[PDB]
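So this one's two forms of a single chain, laid out as structure tokens and tagged structure 1 and structure 2.
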Structure 1
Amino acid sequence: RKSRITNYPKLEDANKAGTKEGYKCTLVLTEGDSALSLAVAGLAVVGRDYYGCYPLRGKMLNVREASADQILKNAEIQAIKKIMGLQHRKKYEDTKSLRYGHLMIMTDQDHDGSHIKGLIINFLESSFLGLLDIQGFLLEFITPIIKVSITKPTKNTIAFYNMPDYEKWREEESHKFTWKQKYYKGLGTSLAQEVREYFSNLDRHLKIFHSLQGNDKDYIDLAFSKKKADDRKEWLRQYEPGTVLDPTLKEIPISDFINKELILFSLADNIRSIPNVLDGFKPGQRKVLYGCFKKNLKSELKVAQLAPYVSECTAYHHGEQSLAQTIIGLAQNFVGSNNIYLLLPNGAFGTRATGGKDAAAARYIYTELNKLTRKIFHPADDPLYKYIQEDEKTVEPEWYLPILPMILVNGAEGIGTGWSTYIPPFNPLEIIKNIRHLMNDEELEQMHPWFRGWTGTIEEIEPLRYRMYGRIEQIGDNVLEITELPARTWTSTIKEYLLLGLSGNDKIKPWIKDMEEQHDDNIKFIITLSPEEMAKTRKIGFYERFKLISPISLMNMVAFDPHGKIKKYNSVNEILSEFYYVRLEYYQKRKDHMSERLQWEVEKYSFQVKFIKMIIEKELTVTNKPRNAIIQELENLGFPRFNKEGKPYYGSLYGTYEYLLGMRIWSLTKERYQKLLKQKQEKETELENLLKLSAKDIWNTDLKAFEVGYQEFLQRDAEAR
């Protein structure tokens, strides 16, 4: 007397499941088929009797709220339904009815892991009422995030299940030994030997979800309910940094699973989904750019080689395939893509006809920096940024600070949790114009969306709302010619449509008599209509019936502000301004950075001169004096030391006297002493000039050089189609 489930091959079934003992049987759900091996490995240790396992594809269907048809057709929740047993329609009191009495989740201990757990809680708490009220039914197997490897001259080997947990052993006892750490960024970086250990224990890897208590049910809704995106916006506002969940508790009330472990993924989801108002980047794109700057992309290389590089040296945690698509995206140049593309698309990078999905394999295509790109991201600014620490490596900045708001240039789209974003691209020219307006305490011009190489029309209806038109023309007796589709309308979308109008449908009658394509480095649909259907078309409208009108809305322009707080901007200029005031402050910062360096060189020179001077008139001798007795005698005479980066140090990482010792015996001449005095008083004049230029003055010098560069950028763009 046992129910055997037979349409699910991947299920390793508990020997006792579906029998009068199913209530003692736990079901282990893993994140994906790869992790399914770890569970099965575990089933060896704990026993195939009261344990079984099944693989969760990946992100699973949020069932609240969702149509019957939707969930019925969803074969994964159907799988967990049939194997657990679970009748859909009634209230739960026992688990005595199901094939398994307990369900346990093996996520791989990252953020998206927690997103999976939550999705499961939602599913269970929605599809079956009384279920999560049954104490001890939902379990969670947890795994280490870091393993430390103690090496000299000893080796106990340890494990850590949180970051702060670990960071603490670090500025605590890390010093006490020799050691090296290892990140467990997903299941299956765990060795077999190790997984067996876990399972041999599992009183310390199992944590239980407490049954539903007051406000549990609410939070699950105030997180997964499709009706509550606005509240999620505040729920995230409210989260107070550092609020994580206890390392050893064994009971985890939902209500701060949600409020202490889901918000962590939710905060993460937004960070990778939404751009910073300052540079227009998302963390992934910002890594790619940094990587290019790190090496010297003045000469091209396959994006397949540039992938592993950016990846390796920015602590990337996703595919190289994932990384490469990001590079490809930065480089695409067809009409409707990048108003300015920072990377050059040398090869098959995708085309307008499909919105760039047609692109070739990373290993056959090449990029380099766009010559103009280093005119937008000025190198002189690089020394100023805060370079993030990640996985104990330093990497790209929080943000870059281009000389114009790139987010306004290129725009951005994104879908996060609670928040969403859309900003259309604008015109680098008008943008610069408003920057000038802000520099002169003047009233700003208004700006409209604008697409590089596009040739249609964009009109404002209400503020924050626009309509974008293509071009349709009559070119003969009942003959029309389309020469422009709205931007981001791909050719093949319009093609499927015309072809349908042509042959007709088993839902619609054909209305196009004949069509032909003649696209050139441009769009060209030539369409013929029966005099009957030409009549119909005027009534319904030519642009309307031919799918050549699309809207552009600025009612959801959101971005992380400079303090890293998500913000909804209510106008285009509200963005431009925020940029301006931060971009202006950093011009001071740069001027000041550059003058501190010149200051250090005048300093350098002054002491070289005094140095020569001393020897010349013979107050200091060098020939035949030991390393120590000579440089310890320089210390006496006040002479500073000098490091690799030019900075002085004046008393007892600090730098050496190699700026004075490195000088030879060609050194001790009137001719050198003069040559020195000369460059010194020129590094003085140099400094005087710099200090005259204000922040707007410097900014402007960059804007001008950009203006030139942007014209050459344009001429190359046009010359390439």
Structure 2
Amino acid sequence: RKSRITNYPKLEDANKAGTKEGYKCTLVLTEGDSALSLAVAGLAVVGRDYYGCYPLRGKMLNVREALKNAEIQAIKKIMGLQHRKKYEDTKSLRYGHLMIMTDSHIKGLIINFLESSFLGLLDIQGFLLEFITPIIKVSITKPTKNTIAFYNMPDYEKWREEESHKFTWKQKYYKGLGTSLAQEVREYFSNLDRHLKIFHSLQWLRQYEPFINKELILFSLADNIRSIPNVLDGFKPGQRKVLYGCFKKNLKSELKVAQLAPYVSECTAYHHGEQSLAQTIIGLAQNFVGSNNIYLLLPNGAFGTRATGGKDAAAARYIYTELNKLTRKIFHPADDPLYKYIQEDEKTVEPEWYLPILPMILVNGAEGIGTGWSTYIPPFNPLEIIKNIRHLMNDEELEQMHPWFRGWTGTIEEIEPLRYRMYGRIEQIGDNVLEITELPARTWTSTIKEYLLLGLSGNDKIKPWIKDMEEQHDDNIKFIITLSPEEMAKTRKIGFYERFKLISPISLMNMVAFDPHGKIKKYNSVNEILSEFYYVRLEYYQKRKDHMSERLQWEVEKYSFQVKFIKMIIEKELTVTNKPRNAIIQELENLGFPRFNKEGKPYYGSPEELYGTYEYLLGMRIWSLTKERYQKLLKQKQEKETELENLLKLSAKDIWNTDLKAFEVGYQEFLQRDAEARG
């Protein structure tokens, strides 16, 4: 019985407004010429059956101060709003929803009118609605490409934690500014129309109503920085932040991966565009064959198995993690004072890069996809890496290194430089019976079982070539496969390894990373990566020595003067008793006693933190004046002198090899402790 509006010419009344289905219709109020064009653009998608359109305001010449009654009547007449009433349902109205488009102060005015005159209206579930432009857009690339949007930060944050691990994703450049606004509006009306269809069928419900190209390159830089790792530590800023957070917290005991995450995030200004923090933590701890050769963090829980490639990991809250006992032998703490900690918003964060004792980017390898750049570096044998480090220290030729996976047992062959073929293992254990005890390194068990099931119980357009298959996988791989004499013969012809997909390639033709200087580079060989790392590590071992010796020397002087001070008072050559402050400061200065600041640096001569104080002397306890204590001070002095001399006897390479040896011991232990855990 369509109640018709005759007094408003500019109104394009929804065909079904004023009818029984009016509660399903939506009225779009527009402000400004451009908002009208957009409303219409959106309406071209959804139609005029359940959508009405009315220009509330046209163009404003005057200026905006922080509702004309004619506008109130328009809204009321069109909406069917009768009298001052407390609304509970929109069944007595011509339209069920109201949308406002502003091109942003008029929305408030309308809101005030509605609340002031019609109480329950704005409190009705999906009544009010507004056009919102998304802040973040994400490129989902695995399960399928589709650019899901997020209209406000929190929606992004929730998806990032509870959903990001299912899709291989990245953030795309999106301003949602000018020319693209037309399509943005269509997408809004398109999504909105879907929601209303289901909202009204169920009558569960989410709510809409609860350039300068420099920024393009600015986005491409950050993406590569997030995506490609640094050659020195093999880390991407995200992983580095996590490790830094672990070193920072001085963790002795384990923590839930859900617990450690907010700590790293608060402590390291972890960017929002980055991958999920928990996911980053789990990646660092994964210990199944195919993951980390050396996992810096310990997987105390289900961090993923070989079957799905860790995709079946438990939730962050259900899993615990701690630092691997070996990690601190790889990342030597004596190197910490040497690093350049990045300064962000008055807070010092993780280093530009860490400098492990052996190339971690070669140990565990790396993988990532950025904008214009991508990288893949397989894992290599740390034992062999150390051997090559020593070859460099001793001016000996480097030996070529080929990919190597911890706990793996197949075979890898070089077909040509930078190209390999990785094999699993399949042997005939009887007539027509072939058992598979190994698969290529990064081939997940699920992939092979499904291939076996497909050939066992043929699919459309491919007929059964396998007779019987049986899994007996304990912790190791073991597919017992039986074939028909005719198929067994065709397996010999096509090939046992090719037919059961036990061969996968490894390419070293895209080993990309950031050099020590931060400029992206493509390395043409593994030795090229090892050598670049070597010279920087060698340099920093000299830096470590120098940093340590300078301080030990300072301590030698401190103890020397402390012993002098005490001794002189003991033998009554110096008296402190009842002597004025300034008199003692001058007396100590005249005797040649240096001042010491907070960092322990001495300052000799006449003039704070720039000069220091005599606090190391007069600040000593009266206990120091006693016998045993004084003899103790003498022993500390002597031991400090010996400690310095012991250091000055060593070269940068002597210290490096000492660390290397300490690593070798811990690594053999890491290896047995790892084979024992998963076997």
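Residue numbering: sequential along structure 1, first residue numbered 1. For the two forms, the rigid core is made up of the largest set of C-alpha atoms that agree within 1.5 Å on superposition.
Of the candidates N478, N643, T455, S550, the Cα that moves 2 angstroms or more after core superposition between structures 1 and 2 belongs to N643 alone.
Taking the rigid core as fixed, one finds a CA shift for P562 smaller than 2 Å between structures 1 and 2. With the core held fixed, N700 shows a CA shift below 2 Å between structures 1 and 2. Core-superposed comparison between structures 1 and 2: the C-alpha position of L139 differs by no less than 2 Å. After superposing on the rigid core, the C-alpha of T417 is displaced by 0.9 Å between structures 1 and 2.
After superposition on the rigid core, the Cα atom of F607 is displaced by 2.2 Å between structures 1 and 2. Superposed on the rigid core, the forms differ at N156: its CA is offset by 44.0 Å between structures 1 and 2.
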